[PDB]
$ cat query15.pdb   # PDB, C-alpha atoms and all ligand atoms
ATOM      1  CA  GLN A   4     -44.599  -6.309   0.528  1.00  0.00           C
ATOM      2  CA  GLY A   5     -41.651  -4.405  -0.905  1.00  0.00           C
ATOM      3  CA  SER A   6     -39.252  -6.985   0.540  1.00  0.00           C
ATOM      4  CA  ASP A   7     -36.585  -8.460  -1.780  1.00  0.00           C
ATOM      5  CA  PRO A   8     -35.185 -11.642  -0.110  1.00  0.00           C
ATOM      6  CA  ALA A   9     -31.918 -10.792  -1.818  1.00  0.00           C
ATOM      7  CA  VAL A  10     -31.875  -7.716   0.401  1.00  0.00           C
ATOM      8  CA  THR A  11     -31.084  -7.638   4.107  1.00  0.00           C
ATOM      9  CA  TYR A  12     -32.653  -4.607   5.771  1.00  0.00           C
ATOM     10  CA  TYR A  13     -31.337  -2.480   8.595  1.00  0.00           C
ATOM     11  CA  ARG A  14     -33.321  -0.090  10.673  1.00  0.00           C
ATOM     12  CA  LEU A  15     -31.652   3.316  11.205  1.00  0.00           C
ATOM     13  CA  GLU A  16     -31.797   2.924  14.985  1.00  0.00           C
ATOM     14  CA  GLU A  17     -29.543  -0.077  14.434  1.00  0.00           C
ATOM     15  CA  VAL A  18     -27.205   1.640  11.992  1.00  0.00           C
ATOM     16  CA  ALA A  19     -26.817   4.375  14.612  1.00  0.00           C
ATOM     17  CA  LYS A  20     -25.195   1.917  16.961  1.00  0.00           C
ATOM     18  CA  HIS A  21     -22.211   1.464  14.619  1.00  0.00           C
ATOM     19  CA  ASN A  22     -20.487   4.754  15.156  1.00  0.00           C
ATOM     20  CA  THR A  23     -17.153   3.620  16.602  1.00  0.00           C
ATOM     21  CA  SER A  24     -13.687   2.707  15.303  1.00  0.00           C
ATOM     22  CA  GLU A  25     -14.667  -0.872  16.172  1.00  0.00           C
ATOM     23  CA  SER A  26     -17.618  -0.824  13.818  1.00  0.00           C
ATOM     24  CA  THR A  27     -18.586   2.033  11.547  1.00  0.00           C
ATOM     25  CA  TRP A  28     -21.646   1.762   9.336  1.00  0.00           C
ATOM     26  CA  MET A  29     -22.899   4.576   7.204  1.00  0.00           C
ATOM     27  CA  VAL A  30     -25.866   5.192   4.932  1.00  0.00           C
ATOM     28  CA  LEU A  31     -25.565   6.395   1.318  1.00  0.00           C
ATOM     29  CA  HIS A  32     -28.608   6.802  -0.960  1.00  0.00           C
ATOM     30  CA  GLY A  33     -30.776   4.341   1.016  1.00  0.00           C
ATOM     31  CA  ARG A  34     -27.945   1.842   1.355  1.00  0.00           C
ATOM     32  CA  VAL A  35     -25.853   0.807   4.356  1.00  0.00           C
ATOM     33  CA  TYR A  36     -22.076   0.407   4.080  1.00  0.00           C
ATOM     34  CA  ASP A  37     -19.758  -1.009   6.654  1.00  0.00           C
ATOM     35  CA  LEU A  38     -16.698   1.183   6.348  1.00  0.00           C
ATOM     36  CA  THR A  39     -14.780  -0.222   9.338  1.00  0.00           C
ATOM     37  CA  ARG A  40     -11.908  -1.670   7.277  1.00  0.00           C
ATOM     38  CA  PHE A  41     -12.095   1.397   5.030  1.00  0.00           C
ATOM     39  CA  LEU A  42     -11.378   4.035   7.666  1.00  0.00           C
ATOM     40  CA  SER A  43      -7.607   4.223   7.326  1.00  0.00           C
ATOM     41  CA  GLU A  44      -7.734   4.104   3.543  1.00  0.00           C
ATOM     42  CA  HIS A  45     -10.239   6.949   2.945  1.00  0.00           C
ATOM     43  CA  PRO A  46      -8.285   9.809   1.362  1.00  0.00           C
ATOM     44  CA  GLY A  47     -10.319  12.452   3.097  1.00  0.00           C
ATOM     45  CA  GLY A  48      -9.335  11.108   6.492  1.00  0.00           C
ATOM     46  CA  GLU A  49     -10.983   9.210   9.326  1.00  0.00           C
ATOM     47  CA  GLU A  50     -12.428  12.152  11.128  1.00  0.00           C
ATOM     48  CA  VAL A  51     -14.963  13.161   8.480  1.00  0.00           C
ATOM     49  CA  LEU A  52     -16.311   9.635   8.407  1.00  0.00           C
ATOM     50  CA  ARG A  53     -16.400   9.216  12.184  1.00  0.00           C
ATOM     51  CA  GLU A  54     -18.320  12.483  12.503  1.00  0.00           C
ATOM     52  CA  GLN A  55     -21.144  11.085  10.395  1.00  0.00           C
ATOM     53  CA  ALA A  56     -20.814   7.435  11.376  1.00  0.00           C
ATOM     54  CA  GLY A  57     -24.121   5.701  12.243  1.00  0.00           C
ATOM     55  CA  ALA A  58     -26.125   8.041  10.060  1.00  0.00           C
ATOM     56  CA  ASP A  59     -27.174   8.951   6.477  1.00  0.00           C
ATOM     57  CA  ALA A  60     -24.107  10.730   5.037  1.00  0.00           C
ATOM     58  CA  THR A  61     -25.533  11.131   1.533  1.00  0.00           C
ATOM     59  CA  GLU A  62     -25.613  14.925   1.383  1.00  0.00           C
ATOM     60  CA  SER A  63     -22.101  15.292   2.711  1.00  0.00           C
ATOM     61  CA  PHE A  64     -20.871  12.568   0.376  1.00  0.00           C
ATOM     62  CA  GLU A  65     -22.395  14.296  -2.619  1.00  0.00           C
ATOM     63  CA  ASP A  66     -21.202  17.808  -1.724  1.00  0.00           C
ATOM     64  CA  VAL A  67     -17.568  16.771  -1.524  1.00  0.00           C
ATOM     65  CA  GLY A  68     -18.057  15.656  -5.113  1.00  0.00           C
ATOM     66  CA  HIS A  69     -16.580  12.150  -4.966  1.00  0.00           C
ATOM     67  CA  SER A  70     -15.094  10.714  -8.137  1.00  0.00           C
ATOM     68  CA  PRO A  71     -16.334   7.793 -10.262  1.00  0.00           C
ATOM     69  CA  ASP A  72     -13.491   5.721  -8.788  1.00  0.00           C
ATOM     70  CA  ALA A  73     -14.676   6.683  -5.323  1.00  0.00           C
ATOM     71  CA  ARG A  74     -18.216   5.500  -6.069  1.00  0.00           C
ATOM     72  CA  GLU A  75     -16.813   2.246  -7.497  1.00  0.00           C
ATOM     73  CA  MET A  76     -14.690   1.836  -4.371  1.00  0.00           C
ATOM     74  CA  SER A  77     -17.733   2.099  -2.044  1.00  0.00           C
ATOM     75  CA  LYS A  78     -19.495  -1.005  -3.470  1.00  0.00           C
ATOM     76  CA  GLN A  79     -17.387  -3.629  -1.699  1.00  0.00           C
ATOM     77  CA  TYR A  80     -18.664  -2.161   1.635  1.00  0.00           C
ATOM     78  CA  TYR A  81     -22.338  -2.544   0.816  1.00  0.00           C
ATOM     79  CA  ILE A  82     -24.040  -4.690   3.427  1.00  0.00           C
ATOM     80  CA  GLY A  83     -27.710  -3.929   2.931  1.00  0.00           C
ATOM     81  CA  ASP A  84     -30.617  -1.568   2.507  1.00  0.00           C
ATOM     82  CA  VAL A  85     -32.305   0.892   4.835  1.00  0.00           C
ATOM     83  CA  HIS A  86     -35.525  -0.422   6.270  1.00  0.00           C
ATOM     84  CA  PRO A  87     -38.477   1.021   4.248  1.00  0.00           C
ATOM     85  CA  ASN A  88     -40.107   2.336   7.431  1.00  0.00           C
ATOM     86  CA  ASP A  89     -37.100   4.667   7.815  1.00  0.00           C
ATOM     87  CA  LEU A  90     -36.923   5.937   4.218  1.00  0.00           C
ATOM     88  CA  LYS A  91     -38.207   9.387   3.195  1.00  0.00           C
ATOM     89  CA  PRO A  92     -41.954   9.347   2.391  1.00  0.00           C
ATOM     90  CA  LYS A  93     -41.442  11.515  -0.692  1.00  0.00           C
TER      91      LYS A  93
HETATM   92  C1  LIG B 101     -20.317  10.612   3.356  1.00  0.00           C
HETATM   93  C2  LIG B 101     -19.078  10.441   4.195  1.00  0.00           C
HETATM   94  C3  LIG B 101     -17.874  10.797   3.438  1.00  0.00           C
HETATM   95  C4  LIG B 101     -17.271  11.979   3.494  1.00  0.00           C
HETATM   96  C5  LIG B 101     -17.696  13.168   4.329  1.00  0.00           C
HETATM   97  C6  LIG B 101     -16.129  11.977   2.626  1.00  0.00           C
HETATM   98  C7  LIG B 101     -15.321  13.060   2.482  1.00  0.00           C
HETATM   99  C8  LIG B 101     -14.241  13.152   1.673  1.00  0.00           C
HETATM  100  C9  LIG B 101     -13.414  14.293   1.557  1.00  0.00           C
HETATM  101  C10 LIG B 101     -13.563  15.502   2.264  1.00  0.00           C
HETATM  102  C11 LIG B 101     -12.445  14.006   0.623  1.00  0.00           C
HETATM  103  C12 LIG B 101     -11.329  14.953   0.168  1.00  0.00           C
HETATM  104  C13 LIG B 101     -11.753  16.004  -0.872  1.00  0.00           C
HETATM  105  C14 LIG B 101     -10.956  15.897  -2.121  1.00  0.00           C
HETATM  106  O1  LIG B 101     -10.648  14.749  -2.554  1.00  0.00           O
HETATM  107  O2  LIG B 101     -10.577  16.977  -2.635  1.00  0.00           O
HETATM  108  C15 LIG B 101     -12.686  12.686   0.173  1.00  0.00           C
HETATM  109  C16 LIG B 101     -11.934  11.999  -0.785  1.00  0.00           C
HETATM  110  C17 LIG B 101     -12.178  10.666  -1.158  1.00  0.00           C
HETATM  111  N1  LIG B 101     -13.205   9.856  -0.619  1.00  0.00           N
HETATM  112 FE1  LIG B 101     -14.568  10.334   0.725  1.00  0.00          FE
HETATM  113  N2  LIG B 101     -15.974  10.786   1.994  1.00  0.00           N
HETATM  114  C18 LIG B 101     -17.052  10.017   2.489  1.00  0.00           C
HETATM  115  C19 LIG B 101     -17.308   8.699   2.135  1.00  0.00           C
HETATM  116  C20 LIG B 101     -16.535   7.979   1.261  1.00  0.00           C
HETATM  117  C21 LIG B 101     -16.774   6.575   0.863  1.00  0.00           C
HETATM  118  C22 LIG B 101     -17.920   5.656   1.291  1.00  0.00           C
HETATM  119  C23 LIG B 101     -15.808   6.220  -0.017  1.00  0.00           C
HETATM  120  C24 LIG B 101     -15.692   4.886  -0.753  1.00  0.00           C
HETATM  121  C25 LIG B 101     -15.337   3.687  -0.238  1.00  0.00           C
HETATM  122  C26 LIG B 101     -14.948   7.410  -0.182  1.00  0.00           C
HETATM  123  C27 LIG B 101     -13.842   7.500  -1.052  1.00  0.00           C
HETATM  124  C28 LIG B 101     -13.040   8.636  -1.271  1.00  0.00           C
HETATM  125  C29 LIG B 101     -11.939   8.683  -2.234  1.00  0.00           C
HETATM  126  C30 LIG B 101     -11.459   7.556  -3.153  1.00  0.00           C
HETATM  127  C31 LIG B 101     -11.404   9.951  -2.186  1.00  0.00           C
HETATM  128  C32 LIG B 101     -10.252  10.497  -3.055  1.00  0.00           C
HETATM  129  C33 LIG B 101     -10.759  11.462  -4.167  1.00  0.00           C
HETATM  130  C34 LIG B 101     -11.851  10.878  -5.074  1.00  0.00           C
HETATM  131  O3  LIG B 101     -11.618   9.749  -5.603  1.00  0.00           O
HETATM  132  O4  LIG B 101     -12.985  11.420  -5.057  1.00  0.00           O
HETATM  133  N3  LIG B 101     -15.391   8.500   0.612  1.00  0.00           N
HETATM  134  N4  LIG B 101     -13.801  12.136   0.845  1.00  0.00           N
HETATM  135 MG    MG B 102     -15.079   1.755 -12.875  1.00  0.00          MG
END

$ encode --input "query15.pdb" --output "C-alpha cells"
Amino acid sequence: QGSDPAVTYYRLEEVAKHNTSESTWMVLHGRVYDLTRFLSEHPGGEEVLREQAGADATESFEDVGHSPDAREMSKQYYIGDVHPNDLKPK
C-alpha cells in the first residue's frame, strides 16, 4: 500500500531522536540522511546542521542555494524515506 520493499521507512518522531553529535539524521525532500560522519566536512559548518538536526531541513537547505556538487555529495548519506503518515497531505 505505497510501500516499496526497497525502501526502509522512518517515522519523524524517530528521526527527531538523532539530533546529537553521536548521531545526526536529517530530512531532505522526504528523504532521511545520516550526516554523522559528514558533520566535520560540511563547508557551512557543524552548527547550522546541529541546529536543524532531527528535523526536515529542506527549506533551509534550498535557501542557502547548495551547488550541484553539494547535492551529489548528499547521496552517500541517504538511509531511507520518511514514513508516508508523516508526509505533507498536499
Ligand atoms: C539543510 C541543512 C543544511 C544547511 C543549513 C546547510 C548550510 C550551508 C551553508 C550555510 C553553506 C555556506 C554558504 C555558501 O557556501 O556560501 C553551505 C555550504 C555547503 N554545504 Fe550545506 N547545508 C546543509 C546541508 C548540507 C548537506 C546534506 C550537504 C551534503 C552532504 C551539504 C553540502 C554543502 C557543500 C558541499 C557546501 C559548499 C558549497 C556548495 O557546494 O554548495 N550541506 N551549507
Ligand atoms: Mg555530478

$ closest_residue --input "query15.pdb" --among "A:72, A:81, A:86, A:60" --to "ligand MG 102 (chain B)" --atoms "only C-alpha atoms and all ligand atoms"
A:72

$ resolve_selection --input "query15.pdb" --expression "the PyMOL selection byres (((not hetatm)) within 10 of (chain B and resi 102))" --output "number ranges by chain"
A: 71-76

$ resolve_selection --input "query15.pdb" --expression "the PyMOL selection byres (((chain A and resi 13) around 12) and not hetatm)" --output "number ranges by chain"
A: 10-12, 14-21, 28-30, 33-37, 57-58, 81-90

$ resolve_selection --input "query15.pdb" --expression "the PyMOL selection byres (((not hetatm)) within 8 of (chain B and resi 101))" --output "ChimeraX atom specification"
/A:29-31,36,38,41,45-48,51-52,55-56,59-65,67-80

$ atom_distance --input "query15.pdb" --atom1 "atom CA of residue 91 of chain A" --atom2 "atom CA of residue 66 of chain A"
19.6 Å

$ atom_distance --input "query15.pdb" --atom1 "atom CA of residue 26 of chain A" --atom2 "atom CA of residue 5 of chain A"
28.4 Å

$ atom_distance --input "query15.pdb" --atom1 "atom CA of residue 4 of chain A" --atom2 "atom CA of residue 27 of chain A"
29.5 Å

$ axis_aligned_box --input "query15.pdb" --around "segment 38-55 of chain A" --padding-each-side "6 Å" --output "AutoDock Vina command-line options"
--center_x -14.4 --center_y 5.7 --center_z 6.9 --size_x 25.5 --size_y 26.8 --size_z 23.1

$ closest_residue --input "query15.pdb" --among "A:42, A:32, A:92, A:9" --to "residue 54 of chain A" --atoms "only C-alpha atoms"
A:42

$ build_atoms --input "query15.pdb" --residues "segment 22-43 of chain A" --atoms "N, CA, C and O atoms" --output "CSV table (one decimal), in the frame of the given file"
chain,number,residue,atom,x,y,z
A,22,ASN,N,-21.0,3.4,15.3
A,22,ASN,CA,-20.5,4.8,15.2
A,22,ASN,C,-19.1,4.8,15.8
A,22,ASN,O,-18.7,5.9,16.3
A,23,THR,N,-18.4,3.7,15.9
A,23,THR,CA,-17.2,3.6,16.6
A,23,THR,C,-16.1,3.0,15.7
A,23,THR,O,-16.4,2.3,14.7
A,24,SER,N,-14.8,3.2,16.1
A,24,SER,CA,-13.7,2.7,15.3
A,24,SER,C,-13.7,1.2,15.2
A,24,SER,O,-13.1,0.6,14.4
A,25,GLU,N,-14.5,0.6,16.1
A,25,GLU,CA,-14.7,-0.9,16.2
A,25,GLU,C,-15.7,-1.3,15.1
A,25,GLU,O,-15.6,-2.4,14.5
A,26,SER,N,-16.7,-0.5,14.9
A,26,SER,CA,-17.6,-0.8,13.8
A,26,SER,C,-18.2,0.5,13.4
A,26,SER,O,-18.9,1.2,14.2
A,27,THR,N,-18.0,0.8,12.1
A,27,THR,CA,-18.6,2.0,11.5
A,27,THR,C,-19.4,1.7,10.3
A,27,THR,O,-18.9,1.2,9.3
A,28,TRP,N,-20.7,1.9,10.4
A,28,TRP,CA,-21.6,1.8,9.3
A,28,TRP,C,-22.1,3.1,8.9
A,28,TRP,O,-22.0,4.0,9.7
A,29,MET,N,-22.5,3.3,7.7
A,29,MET,CA,-22.9,4.6,7.2
A,29,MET,C,-23.9,4.4,6.1
A,29,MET,O,-23.9,3.4,5.4
A,30,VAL,N,-24.9,5.3,6.0
A,30,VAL,CA,-25.9,5.2,4.9
A,30,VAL,C,-25.6,6.1,3.8
A,30,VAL,O,-25.3,7.3,4.0
A,31,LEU,N,-25.7,5.6,2.5
A,31,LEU,CA,-25.6,6.4,1.3
A,31,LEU,C,-26.7,6.1,0.3
A,31,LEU,O,-26.8,4.9,0.0
A,32,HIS,N,-27.5,7.0,0.0
A,32,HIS,CA,-28.6,6.8,-1.0
A,32,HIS,C,-29.5,5.6,-0.6
A,32,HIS,O,-29.7,4.7,-1.5
A,33,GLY,N,-29.9,5.5,0.6
A,33,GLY,CA,-30.8,4.3,1.0
A,33,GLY,C,-30.1,3.0,1.2
A,33,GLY,O,-30.7,2.0,1.4
A,34,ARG,N,-28.7,3.1,1.2
A,34,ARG,CA,-27.9,1.8,1.4
A,34,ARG,C,-26.9,2.0,2.5
A,34,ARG,O,-26.4,3.0,2.8
A,35,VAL,N,-26.6,0.8,3.1
A,35,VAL,CA,-25.9,0.8,4.4
A,35,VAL,C,-24.5,0.2,4.0
A,35,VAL,O,-24.4,-0.9,3.4
A,36,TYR,N,-23.4,0.9,4.4
A,36,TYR,CA,-22.1,0.4,4.1
A,36,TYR,C,-21.3,0.3,5.4
A,36,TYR,O,-21.4,1.1,6.2
A,37,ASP,N,-20.6,-0.8,5.5
A,37,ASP,CA,-19.8,-1.0,6.7
A,37,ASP,C,-18.4,-0.6,6.2
A,37,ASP,O,-17.7,-1.3,5.5
A,38,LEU,N,-17.9,0.6,6.7
A,38,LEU,CA,-16.7,1.2,6.3
A,38,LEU,C,-15.6,0.9,7.3
A,38,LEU,O,-14.5,1.5,7.3
A,39,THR,N,-15.7,-0.1,8.2
A,39,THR,CA,-14.8,-0.2,9.3
A,39,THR,C,-13.3,-0.5,8.8
A,39,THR,O,-12.4,0.2,9.2
A,40,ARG,N,-13.2,-1.4,7.8
A,40,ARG,CA,-11.9,-1.7,7.3
A,40,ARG,C,-11.5,-0.6,6.3
A,40,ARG,O,-10.4,-0.6,5.8
A,41,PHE,N,-12.4,0.4,6.0
A,41,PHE,CA,-12.1,1.4,5.0
A,41,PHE,C,-11.5,2.6,5.7
A,41,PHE,O,-10.9,3.4,5.0
A,42,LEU,N,-11.7,2.8,7.0
A,42,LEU,CA,-11.4,4.0,7.7
A,42,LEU,C,-10.0,4.6,7.3
A,42,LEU,O,-9.9,5.8,7.0
A,43,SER,N,-9.0,3.7,7.4
A,43,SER,CA,-7.6,4.2,7.3
A,43,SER,C,-7.2,4.5,5.9
A,43,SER,O,-6.3,5.2,5.5
